[PDB]
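The sequence shown runs 2258 to 2261, 2263 to 2445 under the entry's author numbering.
Backbone N, C-alpha and C define an ideal beta-carbon position, used for all residues, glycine too.
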Amino acid sequence: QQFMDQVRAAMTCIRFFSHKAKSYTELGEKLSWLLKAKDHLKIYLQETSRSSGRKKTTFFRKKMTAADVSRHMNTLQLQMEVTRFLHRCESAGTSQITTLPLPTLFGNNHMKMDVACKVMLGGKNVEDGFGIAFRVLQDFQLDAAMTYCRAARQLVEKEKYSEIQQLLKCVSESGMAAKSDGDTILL
């Protein structure tokens, strides 16, 4: 497709990155697909901006929005928050409770929201991963309240008594779980 309708070339990296995933220690090798997708999406958005002349939507392509590129670059890049809040913890063995498919930002509403809980709970405390949790949640535009509650429940199953206060502060501090939400959510 470089010799070329490079639509397959554009779409290849997203599926190729997840080709036979088992862990994150060797991720840093073949995880270049994120940078490649960000670069390709940026080039596509620029070219669409560069497509201000009389160019046609010939069958080698068509005409649609290139905000698809302007958000696929985000799919490539913005995930780095939760990605780090999970990977830096898992490198030292402090992050083992990861969802078996680990639903990334390409998952469903709850599946994409599942990144926020791992982001918050990756570090040694809520004060470590809460920023990445918020970045994933706003990126996801989903309910970080349910994800934070699930993470806190699994941490209670992990017996994180000291982390309960930090979890409540994160639920009612960044602006997600209401001040009165400490009843049912903490429950």
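Taking all protein chains in view, the Cβ of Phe2398 is crowded by 16 or more other Cβ atoms within 10 Å, so the residue is classified as buried. Membership of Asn2332 in the alpha helix (DSSP H) is indicated by the continuous run 2325-2335.
Within a 10 Å sphere around the beta-carbon of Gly2387 sit 16 or more other beta-carbons, which makes this residue buried. Inclusion of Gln2264 and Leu2292 in the CB contact set at 8 Å is not warranted, their separation being larger than that value. In the three-state reduction of the DSSP assignment, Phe2317 falls in the coil class, being assigned neither a helical nor a strand state. Residue range 2291-2308 is occupied by the alpha helix (DSSP H) that includes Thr2306.
In this structure the segment 2317-2330 does not touch the segment 2341-2360; the number of beta carbon pairs closer than 8 Å is below three. One Cα belongs to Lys2376, the other to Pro2359, and the distance between them is close to 13 Å. Residue state for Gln2396 is assigned as helix, using DSSP reduced to three classes. In this structure, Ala2295 is the residue among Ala2295, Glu2287, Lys2437 with its C-alpha nearest to the C-alpha of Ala2268.
Pairing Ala2402 with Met2369 gives a Cβ-Cβ distance that is not under 8 Å. Secondary structure note for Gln2412: its alpha helix (DSSP H) is the uninterrupted segment 2402-2415.
Secondary structure of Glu2284 (DSSP, three-state): coil.
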